[PDB]
Structure formats: C-alpha cells, structure tokens
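Mapping of the sequence shown onto the deposited numbering: residues 1 to 85, 95 to 421, in sequence order.
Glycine included, each C-beta is placed from N, C-alpha and C at the ideal position.
Take a look at the structure set out below.
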Amino acid sequence: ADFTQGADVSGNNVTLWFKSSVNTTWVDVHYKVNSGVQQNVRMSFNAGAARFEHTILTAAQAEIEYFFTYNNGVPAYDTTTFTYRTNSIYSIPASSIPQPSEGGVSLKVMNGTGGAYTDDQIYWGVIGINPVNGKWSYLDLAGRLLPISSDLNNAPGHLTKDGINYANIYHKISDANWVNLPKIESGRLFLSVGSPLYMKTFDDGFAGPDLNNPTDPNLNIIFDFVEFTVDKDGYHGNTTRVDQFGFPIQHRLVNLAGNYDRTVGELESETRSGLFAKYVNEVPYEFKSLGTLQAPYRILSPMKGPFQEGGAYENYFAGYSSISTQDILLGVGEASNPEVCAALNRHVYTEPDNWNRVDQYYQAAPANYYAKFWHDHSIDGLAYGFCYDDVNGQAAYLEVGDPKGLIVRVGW
C-alpha cells in the first residue's frame, strides 16, 4: 500500500503531502501542532503535483506530529506517525515527469536558491516564434503560445516601471509544476529573481535587456536565460554565458525512451557569492572589472566591458594575432570561421595540432579567461563561454529526438 509523504516549507507555512502509488481516492491527515487540539482534515488533491496536500499556515517554526488514513480500493489503512522537521536537479525522478503533448516537452522551472528567494519571488517567461502561425508569441500556463504585439505592453495586467509600460509575459515558479512547451523557433526562457523583466514587445519581436545602456530598466535586475528550439527533430537547447552571467543554472533533459538523461550548467556545489569571489581571483587583471562593473547583478562578457573598441583592452590579442580583439571575441570578420574563432579564444591558434586538444585550451595569454572560468566551474567542463564554444563539443548544449521533460533550475 506504498506511498511517499513529506512536509514542504514555503515561507512560514508548511504543506503536508501524500502521494499514493496504489488505488487511492481519499486521504485524511491527522496532526498536532506543538501538542495542540488534534486536527483531522480530508486532504485536497493537487492534480499538477499528482498528490494530496494540506497547508498549515504559520507553522514553519512549530513541531508537527502527523499520520495519514487513506484507501487502497475500498479498505482504509493508517500510516505510522511522522514528525516535522533534495532540491537538486537530479532528485526529480524521470518516472515522475508527465508525458508531453506531442511533439513538445514538459517544462519545469525549479527553485534551487536555498532560501535566497521563495517560489513566489522567482519569475520565468518563454518567448519565441510559433511555427503554427509564424507569430512571435509568449507561453501561457496552459502551454499555449499567445501572439505578442505592441499593444500587449498596455494591455490589462501589464507591468510598469518609471512610468513606462511593459508586456507581462511572466509567471512565478509557484504558479505551476509542469507546463507543456510546444514546438517553437528562436525560443528563449527568461528567468529573473525578485522581479520580472521589463521588455518591450512589438508586433514582430521584442527588445531584451541592453547592458550598454546606463538607463536600461533591467540593469538592476538579476536575470539569465536558456535558448531552445523544439521542432520535428526534437529538443535543442543550451545555457549561455555568451552575454553575461546572472546566477547559476542547471539544465536537465530526459527522453521518452528512458535512455537519455543529461544535465549541463554550473556545478550545484558552486554558490553565486562564491562564483563572484572566485571570478575576480582567478582571472588576469584585464578581465577582473567584468566582475565588478555591474555587480552584484551580473558578471559581464568581455565585449560588454573594456575589451570593446576604444576600451582600455581593445588591443588585448594584438601580439598574438593580426585579427582584431573585437573580431575574435564576437566571431565575426576575420574570425567568422568558427574553428578560427575558437582556436584564437582558447590560445591554440598557432598550434593546429592542439585545436581539438582540450587539455591545451587557455594555457597562455592572451586568451578568453572569462570563457575559461565558466568551463572550470561547469558540469563536465561544458559551457557556452563565447559564441563558438561549441567547436569540439565544449558547449553547455543538449539535444534529443524524443524529448520528454526539461528541468531548468535557478541556483544560488
């Protein structure tokens, strides 16, 4: 008559839950808070968590003794008594992932901030092109792609900051367990803590955060994102530090056949404060201000900092290549070939025999030490630290033809 059970803490509240693996249609919980009047409650069924739940308000600091009565078929059974008192992305069992509605992916955004923010203080949104009507759209909680427009900025419910209206396309982690992500082109999942993002939508696209503008409304918001496409060949997606680093993210993809299960992103053992501290310590002087200029909100990529044209390090690669530092960092111009770009960033350009030898990457300056840092602190050494880090399979990039679930964890 097995089940699993637990007490989930959110803020100052405790939610007792019971998840049955048998023929259960009703469950009562019997509990005492600090030895008070016994409470006997028929629990409600939460379909999206597939479990029975009862919330005890303001009991996070109390001691709670409880047991359950549930049915398996007609007969009822009592559990033993439990007492109150992971969040790892690996702890979610693949068997617990809902089957997507074809040919999509079940998406879960997960709170791994360990107390920094509650589920109702982390926001997410998905914007991309719907191949069903070719329209730029955002995703709703029912898994529908709704067209964005200029008008959406002033529609009922819209956000405003500093007397300017912005489309409200965001959801809180507490708003959902799993959401179906349908087929989608040029997709981005935006994640932000404490606040949603403030972005203008147009009839044919949107304008994201502009990190070179001193007056950008998102400059003091902590955000990050994953990029994905869901199409007829399945899921294709990645985390990215190409533009900036906002907070640690893990990205886990599981397939329908049950033979693919992979995760990329920052190691779960790295903390955000640790990363900011290690960044400024590990990187050579030229790259340090990338970690301070817009702290504590992000670490910047080199071209958002003093490596840009005119900047104090605009000629950083000068003695090593005849190709400009700006071409190298952005993979354009004389560095438009991905292999040339990558070799130059990894400082293996002048030794062709080392272009695909990972243990020789970043071993001498100049090199993209910002990029190096993300590999050093990522799962399996995989990261998108610059635009062409996928050369020789180094990028935090995953794909599978028969996707089942995608879990994206906001760490801290």
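Starting from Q335 and walking both ways along the alpha helix (DSSP H), at which residues does that stretch end? Looking at the DSSP string, the run of the alpha helix (DSSP H) that includes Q335 is 334 to 339.
As assigned by DSSP and simplified to three states, the class of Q303: Three-state result, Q303: coil.
Taking Cβ to Cβ, would you say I308 is nearer than 8 Å to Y288? In this structure, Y288 lies closer than 8 Å to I308 by Cβ.
Simplified DSSP state of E194, which is helix, strand or coil: Strand, per DSSP.
Decide if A59 is buried, meaning its Cβ has at least 16 other Cβ atoms within 10 Å, or exposed. Classified as buried, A59 has 16 or more neighbouring CB atoms from the shown chains inside 10 Å of its CB.
Have a look at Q108, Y99, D2, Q335 and flag the residue whose alpha-carbon is nearest the alpha-carbon of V188. Comparing Cα positions, the closest option is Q108.
Taking the CB atoms as reference points, tell me whether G420 and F237 lie closer together than 8 Å. In this structure, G420 sits away from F237, with a CB-CB distance that is not shorter than 8 Å.
Which listed residue (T249, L299, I157, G143) has its alpha carbon closest to that of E275: That would be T249, whose Cα lies nearest to the Cα of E275.
Rounded to whole angstroms, what is the Cα-Cα separation between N401 and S21? Within the model, the alpha-carbon separation for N401 versus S21 is close to 45 Å.
How big is the Cα-Cα spacing for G246 and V118? Approximately 15 Å between the Cα atoms of the pair.
I'd like to know whether the C-beta atoms of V263 and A373 end up nearer to each other than 8 Å. In this structure, the beta-carbon distance from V263 to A373 does not fall below 8 Å.
State yes or no: is the C-beta of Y378 within less than 8 Å of the C-beta of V292? In this structure, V292 lies closer than 8 Å to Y378 by Cβ.
Going straight from the alpha carbon of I231 to that of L284, what length do you get? Answer to the nearest angstrom: the Cα atoms are 15 Å apart.
With a threshold of 8 Å, are at least 3 pairs of Cβ atoms found where one atom belongs to the segment 394 to 411 and the other to the segment 353 to 367? The segment 394 to 411 is in contact with the segment 353 to 367.
According to DSSP, is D129 part of a helix, a strand, or is it coil? Three-state DSSP puts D129 in a helix.
Delimiting residues of the alpha helix (DSSP H) encompassing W383: Per DSSP, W383 belongs to the alpha helix (DSSP H) from 378 to 385.
What does DSSP give as the partner residue(s) for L16 in the beta ladder? Beta-bridge pairing links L16 to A7, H54.
Go ahead and label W145 buried or exposed: buried means 16 or more other beta carbons lie within 10 angstroms of its beta carbon, across all protein chains shown. Taking all protein chains in view, the Cβ of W145 is crowded by 16 or more other Cβ atoms within 10 Å, so the residue is classified as buried.
Burial state of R42 (16 or more Cβ within 10 Å): That one is exposed.
What beta strand (DSSP E) runs, 3 residues minimum, are completely inside the segment 185 to 247? At a cut-off of 3 residues, the continuous stretches assigned as beta strand (DSSP E) that sit fully inside the segment 185 to 247 are 188 to 190, 193 to 202, 209 to 211, 214 to 216, 231 to 240.
Take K32 and list the residues in its own chain whose beta-carbon comes closer than 8 Å to its own, dropping the five residues that flank it on each side. Around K32: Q38, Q39, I64, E65, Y66.
With a threshold of 8 Å on Cβ separation, who are the neighbours of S115 within its own chain once the five nearest residues in sequence on each side are excluded? The answer, listed in chain order, is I106, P107, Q108, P109, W187, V188, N189, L190, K413, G414, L415.
Closest residue to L150 among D184, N120, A125 (Cα-Cα distance): With distances taken between Cα atoms, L150 lies closest to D184.
Judging by CA-CA distance, which residue of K209, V251, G214 is the nearest neighbour of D225? In this structure, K209 is the residue among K209, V251, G214 with its C-alpha nearest to the C-alpha of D225.
Kindly give me the distance between the Cβ atoms of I193 and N139, rounded to whole angstroms, as I take these residues to be in contact under 8 Å. The Cβ separation is near 7 Å, so the contact holds.
Tell me whether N290 is buried or exposed, calling it buried when 16 or more other Cβ atoms sit within 10 Å of its Cβ. Within a 10 Å sphere around the beta-carbon of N290 sit fewer than 16 other beta-carbons, which makes this residue exposed.
Sort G121, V27, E111, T81 by Cα distance to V74 and report the nearest one. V74 has its Cα closest to that of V27, out of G121, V27, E111, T81.
Anyone know if the C-beta pair for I178 and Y147 falls short of 8 Å? With respect to the 8 Å criterion, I178 and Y147 are classified as neighbours on the basis of their beta carbons.
Helix, strand or coil for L415, going by three-state DSSP, please let me know. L415 falls in the strand class under three-state DSSP.
Whose C-beta lies closer than 6 Å to the C-beta of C350 among residues of the same chain, with five residues either side of it excluded? Around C350, the same chain offers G340, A344, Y397 as residues with beta carbons nearer than 6 Å, after the five sequence neighbours per side are excluded.
Distance, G217 Cα to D129 Cα: Take the alpha-carbon of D129 and the one of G217: they are about 23 Å apart.
Entirely within the segment 249 to 336 and at least 4 residues each: give me those alpha helix (DSSP H) ranges in chain order. Unbroken alpha helix (DSSP H) stretches of 4 residues or longer found wholly inside the segment 249 to 336: 281 to 291, 294 to 297, given in chain order.
Which of helix, strand or coil does DSSP assign to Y31? Three-state DSSP puts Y31 in a strand.
If you check the beta carbons only, do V239 and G121 fall under 8 Å apart? Taking C-beta atoms as the reference points, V239 and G121 fail to come closer than 8 Å.
Reduced DSSP category for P375 - H, G, I as helix; E, B as strand; rest coil: Three-state result, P375: coil.
My output table needs one value for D368: the three-state DSSP class, helix, strand or coil. Helix, per DSSP.
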